[PDB]
């Protein structure tokens, strides 16, 4: 993908995450857990809701009948109606196919970008206490219990508290 996370360095999605769109999975001495990220999920959903509100519409123009259903009409002008209606129908089919293809591309890449922005936000707050494994995870170089894991998820992790343990662990 464009931002290279979903179908990218993250190998696959999690079918066991029903409570959100993006989220975290941890591993410490206390055990293993899962938790959805609310802001990034809703950022993606609110963007898709906006697409639907714009696309799911019709025109308020009143069109009257120019072709008769139960009788014949002049051959010369009836051909002109047929040419015109076919030409207009080609345009609307082309615009419909183009609209949907373009939006689908943007939706897929937008969703990928929201995954990347959460990964980068975690990267920067972890600072020098963690390293990237290349699969969407961060190998943390200090004893991070379930309270420390929640501070990462909620953006209240202070790196300088754990820095000295991490710098020692990483260098040897």
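Numbering follows the first chain given and starts at 1.
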Higher avg CA temperature factor (126-134 vs 66-74, as deposited) belongs to 66-74
The stretch whose C-alpha atoms carry the larger average B-factor in the entry, 25-33 or 117-125, is 25-33
Among the modelled residues of its chain, the C-alpha B-factor of residue 143 falls in the third labelled highest
Chain thirds by Cα B factor, record data; residue 54 belongs to the middle
